[PDB]
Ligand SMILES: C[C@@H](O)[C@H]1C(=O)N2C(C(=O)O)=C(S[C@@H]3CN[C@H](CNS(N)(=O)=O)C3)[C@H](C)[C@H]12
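Before any questions on binding or motion, here is one chain by itself as structure tokens, the form solved without the named molecule.
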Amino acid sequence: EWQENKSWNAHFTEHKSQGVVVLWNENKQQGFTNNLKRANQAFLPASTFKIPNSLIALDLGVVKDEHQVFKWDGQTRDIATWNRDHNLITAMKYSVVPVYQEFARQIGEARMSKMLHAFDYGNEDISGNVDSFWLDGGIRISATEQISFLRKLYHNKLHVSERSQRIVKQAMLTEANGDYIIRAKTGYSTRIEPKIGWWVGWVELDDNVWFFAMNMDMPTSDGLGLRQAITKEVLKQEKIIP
């Protein structure tokens, strides 16, 4: 069911880094990873948490639809793309933390905790501040647990409406061409050691789906582009994409 290929470590070590990629072949119900231990180690989700947060906000009506405009609060932040209005699509695309912090305040602790438990999401622990627990609170999730959660979303099996799941999967759209579609979300965790980058999602093909979850050490922001680059290089190696 699970196979470890330690030769894939080269994708990380050649960049003087360390990490894990986890792949799941949906048709064959088989998983692959370079590091079984790290595949099951739980890290802060950071901005990959925008997937469940979006689902919960939509299903409770905190967010009406993917067109609703969330106005900039007028506080200048150091990420230029955050200093403007957003909807759910652009907020996901540019990982706009302060929009999602307001979602969480409106969701509230009680409803947030119940929904993460319904989702079987990570350790289901929201200890910390309700507007930042996914950045520096007690919540943790592993790469294998990310895949488990994403598969439920793909099949519309999470305990929210089908509409909420279709909208979030639209907002996860990252890349599409004549060969494949990638729906995914990046993450960057810096407030608690070890600092890591995430990329989780799936690749749609004509006749199969491949789910993926990766994290890697990220001592500086200079390596963030390696999250997608390494993942796609593994996918090309395994001939999942050309």
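Residues carry their position along the shown sequence, with the first being 1.
What comes next is about the form solved in complex with the named molecule, which does not appear here.
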Would you classify residue 193 as touching the named molecule in the deposited bound form, given a 4.5 Å non-hydrogen atom cut-off?
no
Does at least one non-hydrogen atom of residue 32 fall within 4.5 angstroms of the named molecule in the deposited bound form?
yes
Heavy atom to heavy atom, is residue 17 within 4.5 Å of the named molecule in the deposited bound form?
no
The named molecule contact in the deposited bound form: residue 25, any heavy atom under 4.5 Å
yes
Which listed residue (42, 36, 62, 205) meets the criterion of a heavy atom within 4.5 Å of the named molecule in the deposited bound form?
205
Going by heavy atoms, what in 208-242 lies within 4.5 angstroms of the named molecule in the deposited bound form?
208, 210, 238, 239, 240
